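Let me begin by presenting the structure, written as structure tokens, before commenting on it.
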């Protein structure tokens, strides 16, 4: 993956306060999105969700994402331009109480 693609994906990542790279027919992508938007009431106007398998450039976005973080799996979550991880990481932070404070400024 090119440095220009890498830079573009970083730009995508930091546009909105919540970023999720997901795919359709992905059980834990669904779980992640439900946690964020249905359980925790994150305003969708403050989020960018990419469905990579719907995007003609979906495959290179994912490669760029792996380059940036080393994560190969979806969902891939960033909050405030900072890498959260996948559904397992999100769930850890949810149970920790850390997620609520992480999201605090999204409700700002």
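Following Swiss-Prot, chain A shows residues 36-143, kept in their order.
A Cβ is built for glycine as well, from the same backbone N, Cα and C atoms used for every other residue.
Per Swiss-Prot, glutathione is bound by 58, 59, 60, 61, 62, 63, 122, 123; the candidate from 44, 109 named for the same site is 109.
According to Swiss-Prot, of the candidate residues 91, 104, the site noted as phosphoserine is 91.
Between the alpha carbons (Cα) of residue 37 (phosphoserine) and residue 62 (glutathione binding site) lies a span of roughly 30 Å.
Between the CA atoms of residue 109 (glutathione binding site) and residue 64 (disulfide bond) there is a gap of 7 Å.
When the recorded positions 37, 91, 123 are compared by the number of other C-beta atoms lying within 10 angstroms of their own C-beta, 91 comes out lowest.
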